[PDB]
Each structure stands twice: as C-alpha cells, then as structure tokens.
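Just below is one structure, and these are the notes that go with it.
Chain A is the first sequence line, chain B the second, and so forth, proteins listed ahead of strands; every chain is numbered from 1. Heavy-atom basis, side chains included; hydrogens, waters and symmetry copies ignored.
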Amino acid sequence: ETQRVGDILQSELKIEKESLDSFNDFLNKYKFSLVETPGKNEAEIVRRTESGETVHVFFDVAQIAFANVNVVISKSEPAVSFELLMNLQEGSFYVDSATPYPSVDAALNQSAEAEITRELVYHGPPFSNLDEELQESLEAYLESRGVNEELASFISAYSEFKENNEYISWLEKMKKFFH
Amino acid sequence: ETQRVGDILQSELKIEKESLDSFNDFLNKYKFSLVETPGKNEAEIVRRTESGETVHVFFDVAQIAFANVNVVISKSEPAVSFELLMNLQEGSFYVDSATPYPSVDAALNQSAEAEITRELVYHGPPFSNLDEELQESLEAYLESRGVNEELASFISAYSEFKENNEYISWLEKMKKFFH
Amino acid sequence: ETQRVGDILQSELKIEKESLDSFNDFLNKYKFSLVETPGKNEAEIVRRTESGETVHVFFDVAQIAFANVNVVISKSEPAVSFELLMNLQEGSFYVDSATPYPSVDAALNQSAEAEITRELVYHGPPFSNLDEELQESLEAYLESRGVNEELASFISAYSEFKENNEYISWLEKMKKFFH
C-alpha cells in the first residue's frame, strides 16, 4: 500500500533532517572550490597551486558512504589523470594508473564519445611494474600537491555529509511518488 | 570446413523446430501486453493497474535461460525504477535499488546519453541499509502490484521459450553464413 | 618535485629505447596487413583468404603484455564475430561466443550507438551448451582460417613489442608534463 510506504518515508524524513567548519577549514587552507551537484554521486574539488597548476579531485560519495579517487592535474594544454585507490580505514592512497591526456577536456568530458576515447588509449603500465624510483617520485609529487591524510579525511567526512543529503532528497522524491 | 559446419547446423535446426496457454493465462489475468523483439535478449511486459499506474517488467532471457529484473512503475510524470534480483530456483525477488526518475523516458531510454544520465544520479542507499519497515512496505507495495510467484514463473518459462527461439534464429543466421 | 620525476623518466627513456623478421614472416605467410595505431591499446591484423573471406583479428596489447581475442570473418554482407579466449602460456584458443552480424560495420563500428546495438542483440548460447559436433566443426573452421599456434605466437610477441613502444611514448608524454 502506497499510504504505508508514505507514512514510513514521512517519519524517516523528519528524523534525518534533525562538521561544516572542518570542511571550510580544509578547503580554504588549500584554496579549493567545491563543485557540488545535488542529485549526483560524484563530488569535485578544484584548486590552483602556487606553480600555476590546476588540481581537480573527484570522488563517488555513494562508493564511500577501497574507493576510486581521480586526481587530474593540468598546467587546452596537457593534463595527467591519476587514478587512485583510497583506503577508507587508513586514509591512505595508492596509484593505480597515471594517464597523460592532451587536454583537461580529454581527461574529463563525460560525453559518450569522450569516455570511449579514454577507454581506447594506453593508460601506462601497471604502476607496480614501474621502476621503484619512478613509483616513489610520482607518489611524492602527488603528496606535494596535497594528496595526503587531510585530503583523505575531507573525502571521507564530506562523502558522509553529501550522501546523507542525497538520501534526504531521495526520501523526498519517494514521498512525492507514493503520495 | 564450411560444409561440415553447415551440415551440423542443418540437423540441429530440424531437431530444435520440432505452454503457450500458461503464458496467455498469466498475461491476460494481469492485463499485460508483451513487447517481443526477436533478435534481442530483453523481454518486456507492460500493464496498467486499477489505480492508473503503468507497470513495466524487463528481463534478460539469455541471463535466465540470480537474474536482474527491472520493474518500472509510473503514474512525463515521475517513475520509480526498482532493480530486482530474482532467485531462479526459488522464484523469489529481492530489491537491490529503487531510483525515482523524473519520467519514464529518463528511466528507460536506451540512448548512450540516457544511460550516462542514469549512471551519474544517486540510486538510493543499499536497500539493506534502509529502515526495516521501509524495506517491508516497499516489498509489500511491489507484491500488491504483481511482483509475485506467478510473475517469477512466467519470467522463467517465457525466458526458456524466447531464448530457444533466439537460438533457432541464430542457427538460421549461422546456416546462411556457412552456406 | 617535478624535477625528480623528470630525472627518472629521462633515465628510463634512455634505457628503454636501447624479432621484426618473425613478425614479417608470419604476416606475409598469411598475407596479413597490420593496422597499427600508436597510442591505442588495440592491434588489428586483416587478410583475405583464397575463398574470398576477410579475416580480422583484434587483440588488446595491454591485456596481454587469458586474453580476449576477437576474430571477425566476412564474405555490407553478413559477418560472424568470434570472441575467443587465448591461453597466454599455452598459445591455445577457446570460443566464448560466435555472433552473426548483418555487416562488418555492425560487428566492428566503435561508435557509442554501435556498441549499444551489439550489447542488445542475442550472442548465441554458451559455446559449451552447443552440440559437441557443432563446437568441433566451428573450432576446426577457425583453425582452417589460421586461428592456430602461429597466430598465438604472433599475438604474444607483437603485444610485447607494441606495449613496450606504448610505454616509451607514455614516458615521453610524462616527460613533457613534468618538464
């Protein structure tokens, strides 16, 4: 019965609606902008570094709340997409792949054809197969660009926050259907 | 040798060509229309309920003959897509996800961009993470809309029927190639 | 530090740059043309047989260096796509599926919609479910068309060659980014 579903959604809504300053502190520390799209799983934060690089970090809040984290760094001009695995318990990152794309658009465009273009191109060897010194220098480069414990903490806590907001909107949409 | 393949296809064809009333009885009982597309894996049945809802049920005959069953219910206006897992031996269903879409088209359009749109949006939490009473009321709602043992029986038997027809057409197409 | 990454890439480049006749011997023996697209994972070889068939063989060099090998055989006019699994150690092939498409374009076009079209159509039953004599005659047909130990050897060695070239180009692109 639609009434029975509606009653439970109504009571769950009231409860669910019932640390922002930690988000603001971390984002402002690195001069991040948060790109927030309510209704979608992916969250994005973007900043510009002292050396003129643009750093994008993408994560899937539903996957989190090992997770896939995409760090894209550009200097139109070439960008490297680092696909990372983040340990949710440890707050640690591991490089899975690093792919040099000819532009930020090539790295990030969500169109069907842009995805196919990414699928077809070489993504570098398994990271574990690289020279150890190459592995290390790339990890230290990412670290120096803010891929660290503070970022992992933000990703975890912001994912918990956004997903709960997504859950609330979902409850609301369900309520409208079952009304 | 092409002749050797052709001989075996020819003999398999003759054998394979060598309960419809149960299909008709179940479909008519619920006032279903069957949407049958020969050559394709997916089968669709659709009906309108006493309360003016439209219920679509989709299943993949090749997967069946746990299976994925998509039940889409609409009232242009919002639709909820219930993604179910069906126990093939038991004839039982389990809710994996329920996603409210803003229209039937958004839920069902097979275009590349429509699929991408579905992939990007929030699909609700894991069903197991919902309040137990919410889980139950949604399951009972689906039951009341004909997601039951009779539907599971139809899905199993119709999948066996259609797949065998697909196998026959496949044999025929192979025969033409090897001629 | 970008300098530290650049140094290691520079030294790896110098080392990596530091049997072609076996490629030429096998390709020429079967009158293959190699279709080589630097920067992409997939390699393609294509020939025309004595009976006027066109045989395409596709493989993913990154997957190789069990691998997926697609053998497409045409006579505009219908083509059968054989999806094979190749044992990398044994140099042996196993048929996973054989799908008759109405044209080479339908079988091979890489567009988003062409992929969706392939995903939706019936792919024949599990190969293991076929009559044993049908399984055998299809395997012997592929053999007679050059799906053999020589082809497996080429696929393995050419995959090693191309992937290393892809690795070199990747190092070069990384060098440019970190400069």
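- Checked against side chain to side chain contact (heavy atoms under 4.5 Å, CB included), A:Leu120 has the following partners two or more places apart in sequence or in another chain: A:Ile116, C:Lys40, C:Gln110.
- For B:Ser103, the side chain to side chain contact (heavy atoms under 4.5 Å, CB included) partners two or more places apart in sequence, or in a different chain, are B:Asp105, B:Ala106.
- Relative ring orientation between B:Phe58 and B:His56 is described as parallel, the plane-to-plane angle staying below 30° on a 0-90° scale split at 30° and 60°.
- Listed by first and then second residue, the ring pair (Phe, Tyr, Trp, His ring centres under 6.0 Å) pairs involving residues 95-114 of chain C amount to none (not counting sequence neighbours).
- A donor-acceptor pair is defined here as one N or O able to donate and one able to accept, closer than 3.5 Å; no such pair exists between the side chain of C:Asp96 and the backbone of C:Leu84.
- Contacts of B:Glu150 classified as salt bridge (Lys or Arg N to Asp or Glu O under 4.0 Å), with partners at least two apart in sequence or in another chain: B:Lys29.
- Applying the side-chain hydrogen bond (donor to acceptor under 3.5 Å, both in side chains) definition to pairs two or more places apart or across chains, those involving residues 124-140 of chain C are B:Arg4-C:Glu133.
- Residues satisfying the salt bridge (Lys or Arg N to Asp or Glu O under 4.0 Å) criterion with C:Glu53, sequence neighbours excluded, are C:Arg145.
- The distance from atom OG of C:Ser156 to atom CE of C:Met86, rounded to the nearest 0.5 Å, is 3.5 Å.
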Table please: side-chain donor-acceptor pairs of residues 5-16 of chain B below 3.5 Å, with sequence neighbours left out.
from    : atom 1 : to       : atom 2 : distance (Å)
B:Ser11 : OG     : B:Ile8   : O      : 3.0
B:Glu16 : OE1    : B:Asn164 : ND2    : 2.9

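- Under the salt bridge (charged side-chain N to carboxylate O under 4.0 Å, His left out) criterion, the residue pairs touching residues 108-123 of chain A are A:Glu115-A:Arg118, with sequence neighbours excluded.
- We find the CD-CD distance between C:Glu143 and C:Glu149 to be 8.0 Å, quoted to the nearest 0.5 Å.
- Residue pairs meeting the side-chain hydrogen bond (donor to acceptor under 3.5 Å, both in side chains) criterion with at least one partner in residues 72-93 of chain C, sequence neighbours excluded, are C:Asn70-C:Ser81.
- B:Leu34 pairs by the side chain to side chain contact (heavy atoms under 4.5 Å, CB included) definition with B:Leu27, B:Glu36, B:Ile45, B:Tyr158, not counting sequence neighbours.
- Pairs passing the side-chain hydrogen bond (donor to acceptor under 3.5 Å, both in side chains) check and including a residue from residues 167-179 of chain B, sequence neighbours excluded, do not occur.
- In terms of the side chain to side chain contact (heavy atoms under 4.5 Å, CB included) criterion, residue partners of C:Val35 (sequence neighbours excluded) are, by chain and number, C:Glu44.
- B:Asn68 places none of its side-chain heavy atoms less than 4.5 Å from the side chain of B:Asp60.
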